[PDB]
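The next block holds one structure in the form of structure tokens; read it before the comments.
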Amino acid sequence: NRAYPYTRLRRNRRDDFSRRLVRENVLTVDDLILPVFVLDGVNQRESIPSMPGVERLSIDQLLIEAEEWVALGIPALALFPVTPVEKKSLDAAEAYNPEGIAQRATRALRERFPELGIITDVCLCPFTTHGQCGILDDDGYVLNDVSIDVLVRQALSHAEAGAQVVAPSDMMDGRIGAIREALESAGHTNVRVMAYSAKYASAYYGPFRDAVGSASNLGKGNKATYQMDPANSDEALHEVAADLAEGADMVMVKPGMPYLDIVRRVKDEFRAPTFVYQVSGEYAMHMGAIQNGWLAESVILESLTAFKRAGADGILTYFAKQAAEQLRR
Amino acid sequence: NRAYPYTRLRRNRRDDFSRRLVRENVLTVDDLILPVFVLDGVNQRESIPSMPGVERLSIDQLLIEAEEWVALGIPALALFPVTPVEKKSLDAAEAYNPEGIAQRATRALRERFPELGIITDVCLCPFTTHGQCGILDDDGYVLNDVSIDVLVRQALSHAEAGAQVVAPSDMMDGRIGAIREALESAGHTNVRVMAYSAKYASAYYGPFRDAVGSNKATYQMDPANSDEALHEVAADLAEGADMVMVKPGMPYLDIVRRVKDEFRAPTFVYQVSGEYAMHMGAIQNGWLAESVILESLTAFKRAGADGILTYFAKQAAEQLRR
Amino acid sequence: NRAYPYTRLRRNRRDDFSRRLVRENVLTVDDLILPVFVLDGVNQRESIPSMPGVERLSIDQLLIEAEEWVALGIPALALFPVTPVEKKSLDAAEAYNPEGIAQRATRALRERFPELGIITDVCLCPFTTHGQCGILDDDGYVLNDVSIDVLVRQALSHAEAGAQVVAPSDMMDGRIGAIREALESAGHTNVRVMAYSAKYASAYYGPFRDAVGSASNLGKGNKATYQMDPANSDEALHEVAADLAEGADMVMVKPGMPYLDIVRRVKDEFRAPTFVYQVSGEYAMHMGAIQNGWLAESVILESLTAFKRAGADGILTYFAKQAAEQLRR
Amino acid sequence: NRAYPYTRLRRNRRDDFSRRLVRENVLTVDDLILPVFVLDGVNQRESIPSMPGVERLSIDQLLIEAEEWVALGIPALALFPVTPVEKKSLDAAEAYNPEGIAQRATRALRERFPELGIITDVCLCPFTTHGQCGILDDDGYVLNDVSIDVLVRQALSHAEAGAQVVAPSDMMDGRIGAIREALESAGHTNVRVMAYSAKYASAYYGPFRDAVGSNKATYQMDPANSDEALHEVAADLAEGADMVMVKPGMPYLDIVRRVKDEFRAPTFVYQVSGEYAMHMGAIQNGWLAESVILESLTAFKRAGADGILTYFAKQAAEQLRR
Amino acid sequence: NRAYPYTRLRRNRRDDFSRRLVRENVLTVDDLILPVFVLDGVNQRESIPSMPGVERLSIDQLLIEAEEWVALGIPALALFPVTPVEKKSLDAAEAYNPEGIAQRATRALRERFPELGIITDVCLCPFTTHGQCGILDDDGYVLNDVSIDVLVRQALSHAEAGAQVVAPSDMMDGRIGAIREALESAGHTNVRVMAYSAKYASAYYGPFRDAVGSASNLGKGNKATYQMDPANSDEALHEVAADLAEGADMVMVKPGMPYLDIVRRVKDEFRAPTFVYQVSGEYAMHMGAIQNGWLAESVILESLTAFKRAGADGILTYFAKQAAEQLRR
Amino acid sequence: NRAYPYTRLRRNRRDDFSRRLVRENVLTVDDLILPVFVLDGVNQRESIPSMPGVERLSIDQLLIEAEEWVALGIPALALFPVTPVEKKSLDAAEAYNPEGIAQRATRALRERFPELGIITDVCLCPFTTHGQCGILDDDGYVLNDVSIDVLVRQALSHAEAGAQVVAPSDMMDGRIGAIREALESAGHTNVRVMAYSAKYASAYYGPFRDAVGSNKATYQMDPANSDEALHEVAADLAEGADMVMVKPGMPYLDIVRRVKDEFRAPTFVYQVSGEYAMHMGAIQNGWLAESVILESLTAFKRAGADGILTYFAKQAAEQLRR
Ligand SMILES: [K+]
Ligand SMILES: [K+]
Ligand SMILES: [K+]
Ligand SMILES: [K+]
Ligand SMILES: [K+]
Ligand SMILES: [K+]
Ligand SMILES: [Mg+2]
Ligand SMILES: [Mg+2]
Ligand SMILES: [Mg+2]
Ligand SMILES: [Mg+2]
Ligand SMILES: [Mg+2]
Ligand SMILES: [Mg+2]
Ligand SMILES: [Zn+2]
Ligand SMILES: [Zn+2]
Ligand SMILES: [Zn+2]
Ligand SMILES: [Zn+2]
Ligand SMILES: [Zn+2]
Ligand SMILES: [Zn+2]
């Protein structure tokens, strides 16, 4: 077998040209999806202290910023509405309002940038008073199938708005198949479904809850009855297997860097289009450190390259614009 | 053929007791290795700007703190000496000095806490004036085999100091074999070698450089590369490593998983200074809860590590003790 | 490859700290399920000569003992009723009596210890005059589908009583799917089904039959037309595959130590939550030897560690309390 | 259990943006190696009838063109000397001449473009009067081990000329090991060996023979054979190859795929002169669009090559630069 | 392991007899399928400049040429009609005309050469004014399921004409299963379906479009919304898996030589009858080079041997007659 | 998820043309090796009672028949000498006699038919007075390493006679390595070694013993054993075998399949004398049709053999020539 000194693995590392020739993975703009927090109103722009460099944008402002995103070649945006407090309810009806932020935003971006992919978020958590991803029963448990009925209405409203991709982020069992059935019935033949398949009950989501405004709603609440236990890996494969059987066109792991092993297993086992979410707390961690001068800016591309190496096709990342700028070089 | 609604994966999630029964991985104190930066003087600690909460410790201070580490059940420490500048050189001779910080610290700990594992760092980077992990040729290239010769002498001095484990962190080709041969030939039959097998040229290392007081793409691995890590580990195991390590850690969990799956050998991971600093800074800014520490360490276990070198070891152990 | 003396596998064994660092498996209280034999009546406690240290307990006494079990962190109990002789019948109707021991016990423990998992036993063998796990036809054969109908009524009665888990221990073909269908229809969405998937026709069950009082009923009778032939391993994988397809949330091998290879194959092949039953005769064997001074008490944890190493997530064991005490340490 | 119509594989195909997101492989300039035929004189180029658009270049001409190659980001060139007839012989001595074309070209390039990789060809076929890749016995059989001895001397001369990679294309058994040993023994520690591991006796080579100015079934592999290619690569890797190559290319993509999957090692492929000529002739006749060039090179990536030796390298790189 | 010089892999190569003994693959006439372009009319023969040596043939002329093809042992022909311009339409109705070229041709060859396999082409592209493989909606998108309805009518018309094999080359999702269902319903129990499973959106098809006369129709148009992205390999396995589930008797990769890795993966993964199409541009490339004297004629058999080695059972190739002649030797 | 009636496996069976297209394996003349029993005299043949239709042939008779074998395309013969009794001994010296039958036959064939492969039998069993495959100790045990020494000398004499392949049939441990080393050391670089790797102690051998004019459970394998065959082949390949063989054949097709799948190496199978006699006797009694011959040989191909040693080779080749 390979043995020193006949094999010296430093030889390929000796020069840039050979490191290039043997380099196993490369990040390109084709791998990047930009999540964006969308405000109601006009000429609104809000900094998020726990996500330095990220702004919530009203739709007019989103349209302006999207010019450069498109110019940079970023394939898709993932939209997250910042729902006004008074539009939150127990029944999460705003989720399917044709005049909801997500729906208005989608329509606006679809008209303005016909080639830009818009991935909407299918979940009730921006819409509930309690901040849970589904509807609660009288014991305070997030009901599975009752929640799916609302998610289905939501997803159809997104498809009606022109979204090319809906991304159910809710972790109810069976929701992919229910959404697929409804889209197919309704003639939304080519609306993709990007399932959040292995989405963990994680501490890395804090900043997002602040960004979208669910943090105050959820309070100290937890999602361990639906989001996955961080300890578990084999279980992720069963989650993905179900979602592919149910018709997902893409499957996602969330969070990201703390779960690269799950990305790798999922790509290896299913050989399907595999996505990963570099979550708010990941972005915040890195930004915090960069701004303190503790880590060089080169960590950005290293973090994103890791997702490629681990087997992701596409990466939802708040660093998408900076990454794409650096890639353009 | 598991399918909704016959299969509802939420059933097991419904209650704590069923989550606990099916829980696939559990971090324990047996998984933790505490890295520590060791100063030369007496009655001294220094704070590290880029590593909030971590202190460089003189040996007397190290012995005081190790009393609590041992009481918490932490199995081992990884020592990193902070070499005084005056002792740095081109030839890295201080690395094998019998009275160098690492050697002194090792002797003092082995005597006070005989059951505590001591993992020394076998590398020239704390000892070179230029801070590269090996000896430079006249073009500034880190010479492989000449570097090994120094590493070997270093490793022997650690064994003589009583280290139970030496950990070559240098990424020279072939060093694990060289060091093993030397140890065996010297009668240090039971000194373990914890190879840093897949160590990447990473931006996540900056804070550790500030900590120890110390451009490596010709020896450390390209972050893009995964298959190559398997070839690295294979060689190290062939060469006699008792344990193999991936570094950095979280940014490389896929590597951990592949390594464990491929070789079924004792597998370690280093949650490096950058990973610590990013997490602790976010926790301190109030952007992330403290629970992220155990989540990050659980990830290593899930990914297949047996042990984790982490600056959170004490905090984690305390939380486990609850 | 790895060769002596470059590789000396004693090096990691040289010290406790390194044995700890490399130790591949660890038993925790999270792995333990306590089976308990439950009597009718009040203030009843009965020693079982063939299970030294084990008592059958009336429900009041069970409630008292369960205080310490909970205090010790044991996640779940598995209940086995000791059915009064006169309540045994050909039709096993007591199996679904809402006032049966198992049902009363379940209700009592669910109220008193809301977080404690209760796993009920779905089988007709405590209820038949003949001691077989199903209903007999006129040739004395245990009818498959007729027995399932009774098992379904039983399982529903358990769910109605509040059990979080029902565990069909009967080995009829297809019963998992029938029970799942009935639970789903009835709205018992989150009642787990712990299938006894690979349950062998074993000699190690003797003491249990004495403990629950089926021994006198079964007499010299055998279960080779439904329980699996000890010789067979590949067949266990087909049993588990069916039960997972039919909706089991967990799958079990029984007995345990004499079948660790089956545990290993089952975990490796399916990557599903895998349980194992350290049966009465296993417990008795070990206790007998410990009390004779032939084996040290350390054999307890070694036996349980073996299940972890072989791939079990959870272990039904009469040693659960002692184990948990030792773990608490 | 993916099934229509829940699964419709056209959904991802519906839009450019989703095609791009799920696109499994992407050719980049980092994948390209440009082979070049090098003439002996000064201020000279020659057109090659069977390779439209490819020119033989004198070294001064090579240096001019390499300026654009380097600007386009092409990582490396593969040099093939066009040996003047007068310098051919039975003993192939010209192969290790310090002033042979390959050596001269290597020195000139290493000096002008220090970052550009130079891959020399280690083989006797440009040097033998008979054009076989090795030294003939009196029955016309290409002697294995006697040939190796010449190849070794050749390889050393290339290392001395500063080649970063030597590529034995000769298909003698055992040569990779012999050459590695020689390089190591001479102190050329970092010279890579790119073994032509699975090189077939193929009809696709004709045009290259016209290009260089140079019946091989006793050494080159039978096109029918696939398992045998794995045994070839295994030996080469054991023997110290840093990279392994399949040749020809497109007609052997299944070989590329198996090799990559089996060994997870740096894998290269040669789109040979015939493959080039067939494509360029069809493109010129107007029978195939220019887009076939990138399609053919994308295939190599999909099949698992890390790098591709291709006469289209410049054209491809230019198109990538868009 | 195997090491030089104990192992010298040249030894088996030393002599023809040992190369023969160890030769891993051999091409035979049993592997060859001859595609043929079929004209309307009588006594028509047309050379195709971009496919030197290939002629379009009216059916009388096809019948004459088929004598030698049969004499040579070629198992099957694949028919491609050259539809008259004026019979092209938006609705592609000519596709199912019982008096269409393909149908007439099939009937003629089935009567004359009862043992010769006839594989008809199921696709709408020879029949549409726009040259796309399906029916367009008002956005110019090739509608999936509406196109299948036409393909089904087409395939049934072929079966009625006596074709033993229909080969859907259209790349609509789900068409294999729809065609299979229709054939089964109609009593065409033994009509094979040779699915073009992994058919890529390739530049190598140019000459065929000229040969059949779709080139002028398609113009600069592309098929990237249905034909596969050349970059993608894992996706081919999902395409084949679906087609086998849907009832394909054979599966095909197209193009061929530029996709041999896909052939290999497909054979290895499914162990099913696997076919590959050496497309017009492949044939043209090689012929061009042979006629220029750049490549020896021996490249023909080398190219075809490659398909065998890569795992194909059968090869659609314009070189079939020459190959078969050489094989006859 | 293939299921009736969407999947009907009879569709492909419906017509000859589709059966031919999907047909997974095809016997060709390239797969056939003809074993032949060679007598010492001149102008002589002998019929073998237990092998109807097979004749022992003097060398002049062998040369006459080989003309048709060569015309039929049979690639190689396997020679088995029928040693005159007077030349048998305890020390098996006749095995390496330069004028022994095998050597004479080899020279005569190599000269007349230079393209025909000649596979000689390396074993002592035609040469020992007791008919065991090796040299006996005083307890009647077949000595392993002492036997090898004779086999080696035998093998060298065959190489000197011009055999292209030597086939050790002896089942001594380690002989393949010993023989390879000897051949290489003597300069017989290209002599192939076709190891009888998995050769079973079988009842199917009786007729061959009558044919050659020659209780083996201490060297030949137990018919019960399959995993053990993999270990046998692994060693032989490590030791330098160019080809590996299973013997007997049909009764061991599962072994062929495992061997091919595990090692992907050139794999051979011997349809032994018993297998021939059972088939030919049934064919002659009219109990089985002649078509069983091609069916039996097709089985070997399906099972994964590259080549088949069969007494039906001529008949098969003739049928193939149709
Ligand atoms: K590359
Ligand atoms: K557990
Ligand atoms: K551990
Ligand atoms: K991508
Ligand atoms: K053969
Ligand atoms: K075939
Ligand atoms: Mg799910
Ligand atoms: Mg290394
Ligand atoms: Mg069952
Ligand atoms: Mg070779
Ligand atoms: Mg398809
Ligand atoms: Mg042997
Ligand atoms: Zn949500
Ligand atoms: Zn260092
Ligand atoms: Zn029972
Ligand atoms: Zn050559
Ligand atoms: Zn078409
Ligand atoms: Zn013998």
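Chain letters run A, B, ... following the sequence lines, proteins first and then strands; every chain starts at 1. The figures that follow rest on heavy atoms only: side chains count, while hydrogens, waters and symmetry mates do not.
Using a 4.5 Å cut-off between non-hydrogen atoms, no part of residues 314-322 of chain B approaches chain C.
B/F268 touches chain C through its side chain: at least one heavy atom from C-beta onward sits under 4.5 Å away, while N, CA, C and O do not. Residue contact with chain C, scored on non-hydrogen atoms closer than 4.5 Å, involves the side chain of B/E184 exclusively. Only the backbone of B/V191 has a heavy atom closer than 4.5 Å to any heavy atom of chain C. Of the atoms belonging to B/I33, it is side-chain heavy atoms, and not backbone ones, that fall under 4.5 Å from chain C. For B/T189, the parts lying near chain C are the backbone and the side chain together; criterion is any non-hydrogen pair under 4.5 Å. Only the backbone of B/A241 comes within contact range of chain C, judged by heavy atoms closer than 4.5 Å.
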Handout entry: salt bridge (charged side-chain N to carboxylate O under 4.0 Å, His left out) assessment of C/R175 paired with C/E246
Key = CA-CA 8 Å; C/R175 90 290 203 186; C/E246 293 174 29; over 6 Å; no
Problem - Derivation and outcome, side chain to side chain donor-acceptor pair (under 3.5 Å), residues B/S169 and B/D121 - result: CA-CA 7 Å; B/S169 70; B/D121 185 45; 2.6 Å; yes
Exercise for the section: Please step through side chain to side chain donor-acceptor pair (under 3.5 Å) for the pair C/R13 and C/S18, ending with a clear verdict. Expected result: CA-CA 7 Å; C/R13 303 193 188 121; C/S18 57; over 6 Å; no
Exercise for the section: Starting from the C-alpha separation in whole Å, work towards a yes-or-no answer on side-chain contact (heavy atoms from CB on, under 4.5 Å) for C/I176 and C/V193. Expected result: CA-CA 7 Å; C/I176 302 310; C/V193 176; 3.9 Å; yes
Handout entry: C/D268/C/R264 under salt bridge (charged side-chain N to carboxylate O under 4.0 Å, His left out): CA gap, chis, key distance, verdict
Key = CA-CA 6 Å; C/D268 289 349; C/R264 182 72 273 159; 2.7 Å; yes
Practice task
I would like to know whether C/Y259 and C/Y277 meet side chain to side chain donor-acceptor pair (under 3.5 Å); could you show each step before the answer?
Solution key: CA-CA 10 Å; C/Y259 300 85; C/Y277 202 141; over 6 Å; no
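At a threshold of 4.5 Å between non-hydrogen side-chain atoms, the residues C/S197 and C/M252 do not count as touching.
Counting heavy-atom pairs closer than 4.5 Å to chain B, the top-ranked of the candidates C/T7, C/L183, C/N1 is C/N1. Between chain B and the residues C/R192, C/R14, C/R2, C/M250, the largest count of heavy-atom pairs under 4.5 Å involves C/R192. Annotation: maximal heavy-atom pairing with chain B below 4.5 Å, among C/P273, C/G117, C/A242, occurs at C/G117. Of the residues considered (C/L21, C/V22, C/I315), C/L21 shows the highest number of contacts with chain B, using heavy-atom pairs under 4.5 Å. Your options are C/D313, C/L244, C/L9, and the one with the most heavy-atom pairs under 4.5 Å with chain B is C/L244.
Checked by atom type, the side-chain pair B/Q103/B/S157 shows a donor-acceptor distance below 3.5 Å. Side-chain N/O atoms of C/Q278 and C/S303 include a donor and acceptor closer than 3.5 Å.
Annotation for B/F17: atom CZ counts as buried by contact number, over 12 foreign heavy atoms lying within 6.0 Å.
Annotation: salt bridge (charged side-chain N to carboxylate O under 4.0 Å, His left out) contacts of B/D242 (sequence neighbours excluded): B/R180, C/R11.
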